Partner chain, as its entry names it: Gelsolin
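For reference, the chain that follows is the form deposited without the partner chain, supplied as structure tokens.
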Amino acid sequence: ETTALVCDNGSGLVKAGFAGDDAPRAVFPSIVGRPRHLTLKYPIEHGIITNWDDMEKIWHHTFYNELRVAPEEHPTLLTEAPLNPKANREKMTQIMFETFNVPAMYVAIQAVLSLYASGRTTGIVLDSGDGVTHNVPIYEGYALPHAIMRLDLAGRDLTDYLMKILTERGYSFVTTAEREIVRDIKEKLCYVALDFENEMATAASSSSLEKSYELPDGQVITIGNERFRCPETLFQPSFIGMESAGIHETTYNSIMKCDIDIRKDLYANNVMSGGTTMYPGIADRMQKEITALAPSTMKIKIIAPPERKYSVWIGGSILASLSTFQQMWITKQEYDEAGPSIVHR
């Protein structure tokens, strides 16, 4: 009766802890600091692990520094982005079994876990983090891969934009340290307008939408239409020069690519996952926009769990603990025996 580990590796944050817990004990940056003779590196670009040696370092820091546990004494549940290439998943397995000597392991799809966290086996998930946005449709637990929509625009991109659009008010946020200041602003004051034009007009004509922000040094600053113009990019990505359709449109597209029988259920089950879905008013805006694109008689529902910055991790805590999941693990025996081509079944 040993304890299972759940480690959710995202582009910005690593979320880690023990299965069965309500929340992860460790939440820290997915970064590997390097010198010029910091110079940070984000090992995971757009939800995909791009540098493996750096990634080994984060896992090493997860077990020994953060969780303070022995890797070979706990079965480990890792998480991956939707449509992660085969070879990527095999490499994770190779590293855990050989370099960390884990007794058992399994790699789960992030969007699916989020759904599970909402108590659902079927629905369409909007998972938008720091590095990538996905629309993942799911039926009876299985993610339909031909219907998944990806969008390389998330929190970091929204932070970069807000830095830009604060410069036109006269402020000067350009450094990496100053960027973390803007990220805080984004997380504290930004919201999604129910109707952009109206909202731009309310900002143009009055000061009712202005808020004060106390900087580290003690000075206070004012921000206006930026509050909703920043997260608006989600609905209109051409603000930052991207022709990609908005999140609401890709949600519609994700649903239309699916079998007709399941769409009614998908529409009825729009779960939101990830930190970039935490903007106040994002739930009302998605309802509105989804209604416009859909047929008139469709019942639309957008589920937005309050703890949705950690829905994935939670999904894995719940899964790792389930009785029906224990059979699906990969023992070190199975791996050494069967090999990398066993993590597909």
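Shifts are known only where both forms have a C-alpha. Whichever C-alpha set is largest while still superposing within 1.5 Å between the two forms counts as the rigid core. Residue numbers count along the first chain shown, from 1.
The same protein has a further form, the form deposited with the partner chain bound, not shown here; the description that follows concerns it.
Asks: Taking heavy atoms and a 4.5 Å cut-off, does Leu158 contact the partner chain in the deposited bound form?
Replies: No - in the deposited bound form, heavy atoms of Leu158 and the partner chain never come within 4.5 Å of each other.
Asks: Going by a heavy atom distance of 4.5 Å, is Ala117 a contact of the partner chain in the deposited bound form?
Replies: Yes, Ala117 sits close enough to the partner chain in the deposited bound form that at least one of its heavy atoms falls within 4.5 Å.
Asks: Out of 8 to 34, which residues reach within 4.5 Å of the partner chain in the deposited bound form, heavy atoms considered?
Replies: Read in sequence order, the residues that approach the partner chain (within 4.5 Å, in the deposited bound form) are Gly20, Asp21, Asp22, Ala23, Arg25.
Asks: Taking only residues present in both forms and a 2 angstroms threshold on CA movement, what segments of three or more in a row shift between the shown form and the other one once the core is aligned?
Replies: 323 to 326 is the lone stretch that moves between the shown form and the other one.
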